[PDB]
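Participant: Sending over a structure as structure tokens; questions will come in a sec.
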Amino acid sequence: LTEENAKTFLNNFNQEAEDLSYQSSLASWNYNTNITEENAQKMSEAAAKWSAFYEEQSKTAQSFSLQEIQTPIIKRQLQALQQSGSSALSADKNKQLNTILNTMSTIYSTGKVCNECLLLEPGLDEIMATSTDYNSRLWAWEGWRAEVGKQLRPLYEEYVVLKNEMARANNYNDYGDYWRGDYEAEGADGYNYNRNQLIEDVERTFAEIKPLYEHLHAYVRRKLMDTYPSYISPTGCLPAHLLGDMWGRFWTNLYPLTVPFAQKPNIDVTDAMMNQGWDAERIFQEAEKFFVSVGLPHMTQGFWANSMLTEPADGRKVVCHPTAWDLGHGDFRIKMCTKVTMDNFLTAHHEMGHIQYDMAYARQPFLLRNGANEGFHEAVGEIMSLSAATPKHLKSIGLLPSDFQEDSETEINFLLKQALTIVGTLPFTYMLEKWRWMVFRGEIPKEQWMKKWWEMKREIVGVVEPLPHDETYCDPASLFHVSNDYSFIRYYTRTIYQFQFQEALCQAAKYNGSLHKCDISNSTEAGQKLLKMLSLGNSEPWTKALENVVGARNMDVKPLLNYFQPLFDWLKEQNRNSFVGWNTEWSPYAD
Amino acid sequence: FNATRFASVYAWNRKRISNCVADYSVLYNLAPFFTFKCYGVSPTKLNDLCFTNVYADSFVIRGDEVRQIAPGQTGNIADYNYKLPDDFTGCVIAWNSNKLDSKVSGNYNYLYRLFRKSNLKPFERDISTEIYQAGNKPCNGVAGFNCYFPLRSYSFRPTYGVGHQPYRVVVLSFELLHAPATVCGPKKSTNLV
Ligand SMILES: *[C@@H]1O[C@H](CO)[C@@H](O)[C@H](O)[C@H]1NC(C)=O
Ligand SMILES: *[C@@H]1O[C@H](CO)[C@@H](O)[C@H](O)[C@H]1NC(C)=O
Ligand SMILES: [Zn+2]
């Protein structure tokens with residue numbers, strides 16, 4: 001049979017895929033280091049050659065049988081290779097699918113709505129976040145919605161129709177079920193995991209996430225009445241433009257408005273990174289010394305030679321996008337606009353997690369050079385910045401003396417923003433995910449699109465619109481991840497994954513203190529607990545991955561409440577004279 | 001050491017070092033020398049040992065494949081490309097070779113296989129290029145279902161990491177068969193009184 005015959009096809013595929021993927025990634029990195037036509041001419045042809053080679057290798061793999069293979073080590077690899085997608089239909093479909101995606105991307109990039117008027121990124125949030133005027137955001141919400149809604153609705157409906165048509169070619173129910181198929185697990189009777197039952201798990205997690213968010217959303221409503229008396233409902237919802245963002249997923253600027261105690265700020269290390277002689281190079285040295293202290297290998301010699309840490313002023317076109325690029329072949333490098341600020345310190349500790357993750361699964365072939373799912377990729381970066389955010393770590397670095405007096409209110413106002421920047425987007429994510437799960441399969445027709453959208457926005461998130469919108473608009477398609485092909489289920493799972501991994505690393509180190517301030521400094525036990533987790537990568541599914549992390553093979557909402565323990569009781573003791581709930585009848589436009 | 005072209009992992013050539021005096025125990029020419037592990041013979045006793053036949057096994061492997069060249073281990077190179085016997089008499093010498101073999105256009109000059117019908121023989125030379133007939137499907141020069149080409153090339157790059165870099169390994173394995181030795185060591189202690 002083809003028991004050992006499939007061992008040759010995949011090893012022949014990956015042998016040249018490792019070569020061509022690096023040829024494409026090097027051109028991409030060179031285009032990112034300087035945006036010129038000569039670099040783009042080399043990047044486009046490399047990307048086209050790689051996309052053509054992938055299809056030339058996947059066109060002949062469909063003839064091989066899958067159910068007769070016995071060794072699961074290659075069954076996990078072969079199921080990931082047959083995911084071609086647009087290879088089943090003709091080229092006329094792929095041409096008209098891309099010629100509208102490029103058109104809508106160019107339209108969304110050139111969004112100019114006036115009647116002090118700027119582009120998309122220029123002056124976007126600087127008016128939404130910094131400006132506190134009601135009339136300044138009244139137009140900034142309505143015009144921003146109406147300039148991209150009615151001009152994209154006829155283009156997005158045909159796109160959704162094409163996405164549904166693409167499901168019949170690969171034997172799928174809808175396009176939303178295709179992104180759920182990445183959380184796939186096969187094996188014994190206890191290792192299988194269905195891709196359609198994820199809605200139930202998300203609902204079970206949200207049913208316990210809601211009691212944590214109820215008091216957090218009720219407390220921020222009482223204090224906002226000192227600025228918007230005739231705009232904040234007493235026992236209803238809040239406006240969408242009063243959330244510091246056009247969508248309400250990043251409540252970063254709302255911290256000065258919702259500060260628990262304004263008599264003392266949070267920790268500050270920006271001034272100490274200037275008078276002590278700190279540069280961009282010594283920060284990475286201490287970060288790597290903290291990473292190796294748990295039992296991790298050292299870095300590549302070329303990581304200090306080829307990585308662009310300091311920003312050169314010799315004529316290079318800098319994009320300034322902090323992201324750990326995995327170029328392949330074991331190459332580890334970082335393209336980041338590094339400075340001595342704390343914002344650049346958080347992302348510098350975040351990218352080192354991705355670097356040490358990619359260093360783990362470098363032994364397996366290119367096909368298995370990925371995570372077990374879409375939630376394990378960018379979840380290891382946040383636990384390191386969480387462990388480094390403790391005041392004891394900063395005191396052990398050498399900036400502040402050992403006589404620092406850490407108070408409880410400091411931890412309270414730290415956890416407040418740490419929750420508002422992490423768990424504040426969970427209802428916004430769940431609402432849009434349930435909306436996409438309902439409208440892609442065919443549960444909600446096009447005749448009740450916006451009505452159901454607003455009903456779900458009022459019920460799940462608890463946000464009321466200031467003016468009535470009909471069903472002729474296309475508001476939900478105005479997001480960056482909704483317009484183009486971008487999955488969003490990963491951000492809802494990573495928030496649980498990080499708090500699970502942090503607690504699993506803190507329990508194994510025998511730390512009987514606070515969980516939200518637990519540190520893995522000088523802990524050789526958690527290092528071997530994390531190496532066997534990150535070493536499997538895509539070879540083992542998430543079921544076998546979580547069993548060596550915490551032991552359980554299911555989503556746990558217990559860490560979500562066990563992390564913010566001083567915050568839940570604080571909000572409970574501060575809401576003794578407040579109404580907990582929501583109203584779906586109150587609206588600012590109810591004249 | 002100063003060769004402009006090396007062979008592959010399976011098509012490596014063999015040269016006999018004889019009829020000349022060798023300078024052993026002093027061979028560090030490059031800086032790193034990550035691998036200088038010898039088996040059975042001490043590193044400081046190479047000069048006072050005479051030899052008659054010494055073969056040089058020069059092959060280019062990855063970084064994670066350097067540890068696989070050891071008696072008693074199993075991997076991807078120690079079973080289908082090159083493997084040392086259990087009672088191996090020699091030394092393994094490797095260094096960093098990512099400087100003079102750096103080309104981003106593509107490295108399709110070196111070849112290596114990964115499949116065979118059985119295990120390797122100690123000091124085996126394989127240059128055949130037949131189709132891998134594994135199952136019960138006859139192959140008559142077909143590329144695809146149940147028939148493939150076992151020979152494939154490398155993907156070396158100047159930024160190949162730290163544990164996967166191309167390690168050009170030269171095995172200094174000697175043969176001793178109670179033969180008249182001709183390769184003598186450095187003998188320089190002249191002081192006349
Ligand atoms: C990218 O563009 C720069 C500027 O012309 C050029 O020096 C460099 O060689 C280019 N890189 C590649 C890979 O073509
Ligand atoms: C590891 O070393 C000591 C342990 O006594 C302490 O400073 C801290 O836990 C760690 N140091 C740093 C710099 O992380
Ligand atoms: Zn995360």
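Chain labels A, B, ... are given in the sequence in which chains occur in the structure tokens; within each chain residues are numbered consecutively from 1, and ligands are likewise numbered from 1 in the order shown.
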Using only C-alpha atoms and a cut-off of 10 Å, which residues of chain B sit close to chain A? Please list them as a ChimeraX atom specification.
Facilitator: /B:64,104-107,114-115,132-137,144-165
Participant: Next, write the just-selected residues to a file, as a short mmCIF file (atom, residue, chain, number, x, y, z; two decimals), in the first residue's frame, keeping N, CA, C and O atoms as the atom set.
Facilitator:
```cif
data_model
loop_
_atom_site.label_atom_id
_atom_site.label_comp_id
_atom_site.auth_asym_id
_atom_site.auth_seq_id
_atom_site.Cartn_x
_atom_site.Cartn_y
_atom_site.Cartn_z
N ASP B 64 21.84 20.06 13.15
CA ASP B 64 21.22 19.02 13.95
C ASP B 64 21.64 17.62 13.53
O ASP B 64 21.34 16.66 14.24
N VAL B 104 21.85 33.63 -2.01
CA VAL B 104 20.40 33.70 -1.85
C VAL B 104 19.66 33.31 -3.12
O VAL B 104 18.43 33.18 -3.09
N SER B 105 20.36 33.12 -4.24
CA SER B 105 19.69 32.74 -5.47
C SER B 105 19.24 31.28 -5.44
O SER B 105 18.22 30.94 -6.05
N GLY B 106 19.96 30.42 -4.73
CA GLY B 106 19.61 29.02 -4.66
C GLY B 106 20.82 28.11 -4.64
O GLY B 106 21.79 28.34 -5.37
N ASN B 107 20.78 27.06 -3.82
CA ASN B 107 21.88 26.11 -3.68
C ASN B 107 21.36 24.73 -4.08
O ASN B 107 20.89 23.96 -3.24
N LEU B 114 17.05 10.24 1.31
CA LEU B 114 16.43 9.98 2.60
C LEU B 114 15.70 8.64 2.68
O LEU B 114 15.11 8.35 3.73
N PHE B 115 15.71 7.84 1.62
CA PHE B 115 14.97 6.58 1.61
C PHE B 115 15.80 5.50 0.93
O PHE B 115 16.53 5.76 -0.02
N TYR B 132 12.05 4.67 -6.18
CA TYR B 132 11.75 4.02 -4.90
C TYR B 132 10.46 3.23 -5.04
O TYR B 132 9.36 3.79 -5.02
N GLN B 133 10.58 1.91 -5.17
CA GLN B 133 9.43 1.01 -5.24
C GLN B 133 9.17 0.47 -3.85
O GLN B 133 9.79 -0.51 -3.42
N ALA B 134 8.25 1.11 -3.13
CA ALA B 134 7.93 0.74 -1.75
C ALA B 134 6.74 -0.22 -1.68
O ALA B 134 6.85 -1.31 -1.13
N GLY B 135 5.60 0.19 -2.23
CA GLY B 135 4.40 -0.63 -2.17
C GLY B 135 4.35 -1.70 -3.23
O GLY B 135 5.38 -2.26 -3.61
N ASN B 136 3.14 -1.99 -3.73
CA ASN B 136 2.97 -3.02 -4.75
C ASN B 136 2.57 -2.39 -6.08
O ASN B 136 1.77 -2.95 -6.83
N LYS B 137 3.13 -1.22 -6.38
CA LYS B 137 2.83 -0.49 -7.61
C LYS B 137 4.09 -0.40 -8.46
O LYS B 137 5.08 0.22 -8.02
N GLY B 144 5.10 10.90 -9.35
CA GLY B 144 3.78 11.04 -8.76
C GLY B 144 3.36 9.89 -7.88
O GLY B 144 4.06 9.54 -6.92
N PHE B 145 2.21 9.29 -8.19
CA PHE B 145 1.59 8.28 -7.34
C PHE B 145 2.51 7.08 -7.18
O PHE B 145 2.82 6.39 -8.15
N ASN B 146 2.96 6.84 -5.94
CA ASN B 146 3.75 5.68 -5.54
C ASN B 146 5.11 5.61 -6.20
O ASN B 146 5.83 4.62 -6.03
N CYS B 147 5.50 6.64 -6.96
CA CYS B 147 6.80 6.67 -7.63
C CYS B 147 7.37 8.07 -7.51
O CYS B 147 6.73 9.05 -7.91
N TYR B 148 8.58 8.18 -6.96
CA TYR B 148 9.22 9.46 -6.72
C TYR B 148 10.70 9.37 -7.05
O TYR B 148 11.23 8.30 -7.35
N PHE B 149 11.37 10.52 -6.98
CA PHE B 149 12.81 10.59 -7.14
C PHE B 149 13.44 10.70 -5.75
O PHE B 149 13.16 11.68 -5.04
N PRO B 150 14.28 9.75 -5.33
CA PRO B 150 14.83 9.81 -3.97
C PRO B 150 15.91 10.87 -3.77
O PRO B 150 16.21 11.20 -2.62
N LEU B 151 16.49 11.40 -4.84
CA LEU B 151 17.58 12.36 -4.73
C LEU B 151 17.01 13.78 -4.68
O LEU B 151 16.22 14.17 -5.55
N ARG B 152 17.40 14.53 -3.65
CA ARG B 152 16.98 15.91 -3.49
C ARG B 152 18.16 16.74 -3.00
O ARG B 152 19.16 16.21 -2.52
N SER B 153 18.04 18.06 -3.14
CA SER B 153 19.13 18.97 -2.87
C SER B 153 18.90 19.70 -1.54
O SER B 153 17.90 19.50 -0.85
N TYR B 154 19.85 20.57 -1.19
CA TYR B 154 19.81 21.35 0.04
C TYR B 154 19.20 22.73 -0.22
O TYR B 154 18.86 23.09 -1.35
N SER B 155 19.08 23.50 0.86
CA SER B 155 18.53 24.85 0.82
C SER B 155 19.35 25.78 1.70
O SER B 155 18.82 26.58 2.47
N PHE B 156 20.67 25.68 1.60
CA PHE B 156 21.56 26.44 2.47
C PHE B 156 21.43 27.94 2.22
O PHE B 156 21.24 28.40 1.09
N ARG B 157 21.54 28.70 3.30
CA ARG B 157 21.42 30.15 3.29
C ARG B 157 22.44 30.72 4.26
O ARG B 157 22.85 30.04 5.21
N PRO B 158 22.87 31.98 4.06
CA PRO B 158 23.80 32.60 5.01
C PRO B 158 23.21 32.85 6.39
O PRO B 158 23.96 33.15 7.32
N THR B 159 21.89 32.75 6.54
CA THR B 159 21.20 32.97 7.81
C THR B 159 20.46 31.71 8.24
O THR B 159 19.29 31.76 8.62
N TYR B 160 21.13 30.56 8.19
CA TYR B 160 20.51 29.27 8.46
C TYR B 160 20.39 28.97 9.95
O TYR B 160 20.17 27.82 10.33
N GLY B 161 20.52 29.98 10.80
CA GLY B 161 20.31 29.79 12.23
C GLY B 161 21.57 29.48 13.00
O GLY B 161 22.67 29.89 12.62
N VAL B 162 21.42 28.75 14.11
CA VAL B 162 22.55 28.37 14.95
C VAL B 162 22.66 26.88 15.17
O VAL B 162 23.76 26.38 15.48
N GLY B 163 21.59 26.10 15.03
CA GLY B 163 21.65 24.67 15.24
C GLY B 163 21.37 23.87 13.98
O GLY B 163 21.22 22.65 14.04
N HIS B 164 21.31 24.56 12.84
CA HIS B 164 21.07 23.91 11.56
C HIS B 164 22.08 24.28 10.48
O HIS B 164 21.96 23.78 9.36
N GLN B 165 23.06 25.14 10.78
CA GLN B 165 24.05 25.63 9.83
C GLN B 165 24.74 24.48 9.09
O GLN B 165 24.86 23.38 9.63
#
```
Participant: Which protein, DNA or RNA residues have an atom within 9 Å of ligand 3, counting only C-alpha atoms and all ligand atoms, as a list in words?
Facilitator: residues 375, 376, 377, 378, 379, 380, 381, 382, 383, 422, 490, 491, 492, 493, 494, 495, 496, 497, 498 and 499 of chain A
Participant: Can you list, as a ChimeraX atom specification, every protein, DNA or RNA residue that comes within 12 Å of residue B:48 when you count only C-alpha atoms, leaving out same-chain residues fewer than 2 positions away?
Facilitator: /B:21-25,41-46,50-51,183-188
Participant: How would the residues just chosen look if you wrote them out with N, CA, C and O atoms as a compact mmCIF listing (two decimals), in the first residue's frame?
Facilitator:
```txt
# COMPACT_ATOMS: atom_id res chain seq x y z
N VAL B 21 54.91 12.90 5.87
CA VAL B 21 54.86 13.14 7.31
C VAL B 21 53.72 14.10 7.61
O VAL B 21 53.57 15.14 6.95
N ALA B 22 52.89 13.74 8.58
CA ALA B 22 51.73 14.53 8.96
C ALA B 22 52.00 15.28 10.27
O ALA B 22 52.77 14.82 11.11
N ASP B 23 51.34 16.43 10.42
CA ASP B 23 51.46 17.27 11.61
C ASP B 23 50.14 17.16 12.37
O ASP B 23 49.22 17.95 12.16
N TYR B 24 50.06 16.18 13.27
CA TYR B 24 48.86 15.96 14.05
C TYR B 24 48.91 16.74 15.36
O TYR B 24 49.93 17.32 15.73
N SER B 25 47.78 16.75 16.06
CA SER B 25 47.53 17.45 17.32
C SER B 25 47.53 18.96 17.17
O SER B 25 47.22 19.67 18.14
N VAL B 41 40.86 7.28 20.64
CA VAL B 41 42.21 7.83 20.63
C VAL B 41 42.18 9.20 21.30
O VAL B 41 41.28 10.01 21.04
N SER B 42 43.17 9.46 22.15
CA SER B 42 43.25 10.74 22.84
C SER B 42 43.68 11.84 21.87
O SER B 42 44.45 11.58 20.94
N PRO B 43 43.19 13.07 22.05
CA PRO B 43 43.58 14.15 21.13
C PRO B 43 45.05 14.52 21.22
O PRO B 43 45.62 14.97 20.22
N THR B 44 45.68 14.34 22.38
CA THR B 44 47.08 14.70 22.57
C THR B 44 48.04 13.56 22.26
O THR B 44 49.24 13.71 22.47
N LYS B 45 47.54 12.42 21.77
CA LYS B 45 48.38 11.28 21.43
C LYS B 45 48.36 10.97 19.94
O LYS B 45 48.63 9.84 19.54
N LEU B 46 48.03 11.96 19.11
CA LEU B 46 47.96 11.73 17.67
C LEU B 46 49.33 11.86 17.00
O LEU B 46 49.53 11.31 15.91
N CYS B 50 52.03 6.23 14.52
CA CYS B 50 52.28 6.11 13.09
C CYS B 50 51.13 5.38 12.41
O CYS B 50 50.52 4.47 12.97
N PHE B 51 50.84 5.79 11.18
CA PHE B 51 49.76 5.21 10.39
C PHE B 51 50.28 4.86 9.00
O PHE B 51 51.35 5.30 8.58
N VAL B 183 53.39 6.97 7.50
CA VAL B 183 53.04 8.32 7.94
C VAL B 183 53.55 8.49 9.37
O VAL B 183 52.99 7.92 10.31
N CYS B 184 54.61 9.28 9.53
CA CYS B 184 55.19 9.55 10.83
C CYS B 184 54.72 10.90 11.36
O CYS B 184 54.25 11.76 10.60
N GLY B 185 54.86 11.08 12.67
CA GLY B 185 54.45 12.31 13.31
C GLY B 185 55.58 13.32 13.37
O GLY B 185 56.71 13.06 12.95
N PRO B 186 55.28 14.52 13.88
CA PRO B 186 56.31 15.57 14.00
C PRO B 186 57.36 15.18 15.03
O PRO B 186 57.05 14.95 16.20
N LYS B 187 58.61 15.09 14.59
CA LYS B 187 59.74 14.74 15.45
C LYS B 187 60.75 15.88 15.35
O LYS B 187 61.58 15.92 14.44
N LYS B 188 60.68 16.82 16.30
CA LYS B 188 61.57 17.99 16.33
C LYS B 188 61.95 18.26 17.78
O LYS B 188 61.23 18.96 18.51
```
Participant: Measuring between only C-alpha atoms, which one of B:5, B:12, B:38, B:20 shows the shortest distance to residue B:182?
Facilitator: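 That would be B:20, the residue with the smallest distance to residue B:182.
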Participant: May I have a table of the residues of chain A lying at most 9 Å from ligand 2, giving each one's closest pair of atoms and their distance in Å to one decimal, counting only C-alpha atoms and all ligand atoms, ordered by chain and ascending residue number, as a tab-separated table?
Facilitator:
```
residue	atom	partner	partner_atom_place_in_ligand_line	distance
A:286	CA	ligand 2	13 (C)	7.7
A:289	CA	ligand 2	14 (O)	7.8
A:290	CA	ligand 2	14 (O)	5.6
A:293	CA	ligand 2	1 (C)	7.5
A:392	CA	ligand 2	8 (C)	8.3
A:393	CA	ligand 2	14 (O)	6.2
A:394	CA	ligand 2	13 (C)	8.5
A:395	CA	ligand 2	7 (O)	8.4
A:396	CA	ligand 2	13 (C)	4.8
A:397	CA	ligand 2	13 (C)	5.0
A:398	CA	ligand 2	13 (C)	7.8
A:519	CA	ligand 2	9 (O)	8.9
A:520	CA	ligand 2	9 (O)	8.6
A:521	CA	ligand 2	9 (O)	5.2
A:522	CA	ligand 2	1 (C)	4.9
A:523	CA	ligand 2	1 (C)	8.6
```
Participant: Residues of chain A within 12 Å of ligand 1: nearest atom pair and distance (Å, one decimal) for each, counting only C-alpha atoms and all ligand atoms, sorted by chain and number, as CSV?
Facilitator:
```
residue,atom,partner,partner_atom_place_in_ligand_line,distance
A:23,CA,ligand 1,13 (C),9.5
A:24,CA,ligand 1,13 (C),10.1
A:25,CA,ligand 1,13 (C),10.5
A:26,CA,ligand 1,13 (C),7.4
A:27,CA,ligand 1,13 (C),5.6
A:28,CA,ligand 1,13 (C),8.9
A:29,CA,ligand 1,13 (C),8.9
A:30,CA,ligand 1,11 (N),5.8
A:31,CA,ligand 1,1 (C),6.6
A:32,CA,ligand 1,1 (C),9.5
A:33,CA,ligand 1,1 (C),8.3
A:34,CA,ligand 1,2 (O),6.6
A:35,CA,ligand 1,2 (O),7.7
A:36,CA,ligand 1,2 (O),6.0
A:37,CA,ligand 1,2 (O),7.5
A:38,CA,ligand 1,2 (O),5.3
A:39,CA,ligand 1,1 (C),4.3
A:40,CA,ligand 1,1 (C),8.0
A:41,CA,ligand 1,14 (O),8.0
A:42,CA,ligand 1,14 (O),6.0
A:43,CA,ligand 1,13 (C),8.1
A:44,CA,ligand 1,14 (O),11.3
A:45,CA,ligand 1,14 (O),11.5
A:46,CA,ligand 1,13 (C),10.6
A:315,CA,ligand 1,4 (C),10.2
A:316,CA,ligand 1,4 (C),9.1
A:317,CA,ligand 1,4 (C),9.9
```
Participant: Restricting the calculation to only C-alpha atoms: of A:563, A:454, A:325, A:488, which residue gets closest to residue A:501?
Facilitator: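 Of all the options, A:563 lies closest to residue A:501.
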Participant: Show me, as a PyMOL selection string, the residues that have an atom within 12 Å of residue A:591 when counting only C-alpha atoms, minus same-chain residues fewer than 5 positions from it.
Facilitator: chain A and resi 466-468+586
Participant: Pull C-alpha atoms from the residues just selected and write them as a PDB file, in the first residue's frame.
Facilitator:
```
ATOM      1  CA  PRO A 466     -27.326  57.473  19.065  1.00  0.00           C
ATOM      2  CA  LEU A 467     -29.233  57.662  15.750  1.00  0.00           C
ATOM      3  CA  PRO A 468     -31.438  55.067  14.028  1.00  0.00           C
ATOM      4  CA  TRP A 586     -33.650  52.937  26.042  1.00  0.00           C
TER       5      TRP A 586
END
```
Participant: Chain B: which residues are strand (DSSP E) by DSSP, as JSON, numbers by chain?
Facilitator: {"B": [38, 39, 53, 54, 55, 56, 57, 58, 59, 60, 61, 90, 91, 92, 93, 111, 112, 113, 151, 152, 153, 167, 168, 169, 170, 171, 172, 173, 174, 175]}
Participant: Hey, which of B:179, B:3, B:171, B:49 ends up closest to residue B:37? Count only C-alpha atoms.
Facilitator: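 Using only C-alpha atoms, residue B:37 sits closest to B:171.
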Participant: Go ahead and compute the interatomic distance for atom CA of residue A:343 and atom CA of residue A:500, in Å to one decimal.
Facilitator: 24.3 Å
Participant: Applying 12 Å and only C-alpha atoms, which residues near residue A:429 remain after dropping the ones on its own chain fewer than 5 positions away? List them as a ChimeraX atom specification.
Facilitator: /A:202,206,247-250,422-424,434-436,456-457,460-461,476,479,481-482,487-495
Participant: Could you take the residues named above and write them with C-alpha atoms, as a short mmCIF file (atom, residue, chain, number, x, y, z; two decimals), in the first residue's frame?
Facilitator:
```
data_model
loop_
_atom_site.label_atom_id
_atom_site.label_comp_id
_atom_site.auth_asym_id
_atom_site.auth_seq_id
_atom_site.Cartn_x
_atom_site.Cartn_y
_atom_site.Cartn_z
CA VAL A 202 -17.70 29.78 22.99
CA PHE A 206 -19.12 33.63 27.48
CA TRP A 247 -15.69 50.03 17.65
CA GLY A 248 -15.12 49.86 21.41
CA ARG A 249 -12.45 47.14 21.35
CA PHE A 250 -9.54 49.26 22.67
CA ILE A 422 -7.78 42.56 27.32
CA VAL A 423 -11.24 41.38 28.43
CA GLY A 424 -13.01 44.49 27.14
CA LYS A 434 -21.96 34.81 16.31
CA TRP A 435 -23.21 37.23 13.65
CA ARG A 436 -20.84 35.73 11.07
CA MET A 456 -27.08 41.45 19.01
CA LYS A 457 -25.02 44.60 19.67
CA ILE A 460 -24.39 40.97 23.96
CA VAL A 461 -22.17 44.05 24.20
CA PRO A 476 -20.14 45.60 10.36
CA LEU A 479 -13.65 46.76 10.29
CA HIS A 481 -10.49 42.21 9.85
CA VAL A 482 -13.99 42.00 8.33
CA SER A 487 -9.73 35.39 10.91
CA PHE A 488 -10.92 36.77 14.25
CA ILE A 489 -11.71 33.67 16.34
CA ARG A 490 -8.05 33.53 17.39
CA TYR A 491 -8.21 36.73 19.46
CA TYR A 492 -11.06 35.32 21.57
CA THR A 493 -9.14 32.12 22.33
CA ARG A 494 -5.74 33.74 22.95
CA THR A 495 -7.13 35.74 25.89
#
```
Participant: Can you tell me, as a PyMOL selection string, what residues are no more than 7 Å from residue A:309 when counting only C-alpha atoms, ignoring any on the same chain fewer than 5 positions away?
Facilitator: chain A and resi 280+335-338
Participant: Could you turn the residues from that selection into a file that holds N, CA, C and O atoms, as a PDB file, in the first residue's frame?
Facilitator:
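The result, stored in part_13.pdb:
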```pdb
ATOM      1  N   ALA A 280      19.283  50.704  23.069  1.00  0.00           N
ATOM      2  CA  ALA A 280      18.404  49.703  22.475  1.00  0.00           C
ATOM      3  C   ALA A 280      19.003  48.304  22.548  1.00  0.00           C
ATOM      4  O   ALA A 280      18.267  47.314  22.486  1.00  0.00           O
ATOM      5  N   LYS A 335      12.321  42.987  13.264  1.00  0.00           N
ATOM      6  CA  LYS A 335      12.213  44.310  12.662  1.00  0.00           C
ATOM      7  C   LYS A 335      11.299  45.150  13.547  1.00  0.00           C
ATOM      8  O   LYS A 335      10.073  45.000  13.503  1.00  0.00           O
ATOM      9  N   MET A 336      11.892  46.030  14.350  1.00  0.00           N
ATOM     10  CA  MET A 336      11.126  46.788  15.327  1.00  0.00           C
ATOM     11  C   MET A 336      11.765  48.154  15.531  1.00  0.00           C
ATOM     12  O   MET A 336      12.992  48.270  15.592  1.00  0.00           O
ATOM     13  N   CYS A 337      10.920  49.180  15.640  1.00  0.00           N
ATOM     14  CA  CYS A 337      11.358  50.543  15.942  1.00  0.00           C
ATOM     15  C   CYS A 337      11.592  50.671  17.449  1.00  0.00           C
ATOM     16  O   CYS A 337      10.771  51.190  18.209  1.00  0.00           O
ATOM     17  N   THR A 338      12.751  50.176  17.875  1.00  0.00           N
ATOM     18  CA  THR A 338      13.070  50.086  19.293  1.00  0.00           C
ATOM     19  C   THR A 338      13.479  51.440  19.859  1.00  0.00           C
ATOM     20  O   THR A 338      14.173  52.222  19.202  1.00  0.00           O
TER      21      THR A 338
END
```
Participant: I'd like the neighbourhood of residue A:81 as JSON, numbers by chain, where a residue qualifies if any of its atoms comes within 10 Å (using only C-alpha atoms), though same-chain residues fewer than 2 positions away should be ignored.
Facilitator: {"A": [10, 13, 54, 57, 58, 61, 62, 76, 77, 78, 79, 83, 84, 367]}
Participant: What would the file look like if the residues just selected were written as a short mmCIF file (atom, residue, chain, number, x, y, z; two decimals), in the first residue's frame with N, CA and C atoms?
Facilitator:
```cif
data_model
loop_
_atom_site.label_atom_id
_atom_site.label_comp_id
_atom_site.auth_asym_id
_atom_site.auth_seq_id
_atom_site.Cartn_x
_atom_site.Cartn_y
_atom_site.Cartn_z
N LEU A 10 5.58 13.95 0.89
CA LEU A 10 5.62 15.11 1.77
C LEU A 10 7.04 15.59 2.03
N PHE A 13 7.94 17.51 -1.03
CA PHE A 13 7.26 18.80 -1.02
C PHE A 13 7.98 19.78 -0.10
N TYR A 54 2.96 25.85 -4.61
CA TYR A 54 2.05 25.23 -3.65
C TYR A 54 0.91 24.51 -4.35
N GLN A 57 2.13 21.35 -6.21
CA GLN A 57 2.31 20.23 -5.30
C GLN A 57 1.01 19.73 -4.68
N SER A 58 -0.01 20.59 -4.57
CA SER A 58 -1.28 20.16 -4.00
C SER A 58 -2.23 19.58 -5.03
N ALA A 61 -1.66 15.72 -4.88
CA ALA A 61 -1.83 15.07 -3.59
C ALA A 61 -3.26 14.59 -3.36
N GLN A 62 -4.22 15.10 -4.12
CA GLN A 62 -5.61 14.70 -3.94
C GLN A 62 -5.87 13.28 -4.41
N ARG A 76 -1.43 13.74 10.47
CA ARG A 76 -1.56 15.13 10.88
C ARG A 76 -0.96 16.07 9.84
N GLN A 77 0.06 15.60 9.10
CA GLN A 77 0.69 16.43 8.08
C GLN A 77 -0.11 16.44 6.79
N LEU A 78 -0.64 15.28 6.38
CA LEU A 78 -1.32 15.16 5.10
C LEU A 78 -2.66 15.89 5.07
N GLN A 79 -3.36 15.96 6.20
CA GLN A 79 -4.64 16.66 6.23
C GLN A 79 -4.46 18.17 6.09
N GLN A 83 -5.61 21.16 2.11
CA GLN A 83 -6.43 22.36 2.23
C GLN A 83 -6.04 23.38 1.16
N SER A 84 -6.49 23.15 -0.08
CA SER A 84 -6.13 24.04 -1.17
C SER A 84 -7.06 25.24 -1.24
N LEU A 367 6.17 21.80 6.92
CA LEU A 367 4.73 21.60 7.05
C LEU A 367 4.27 21.67 8.50
#
```
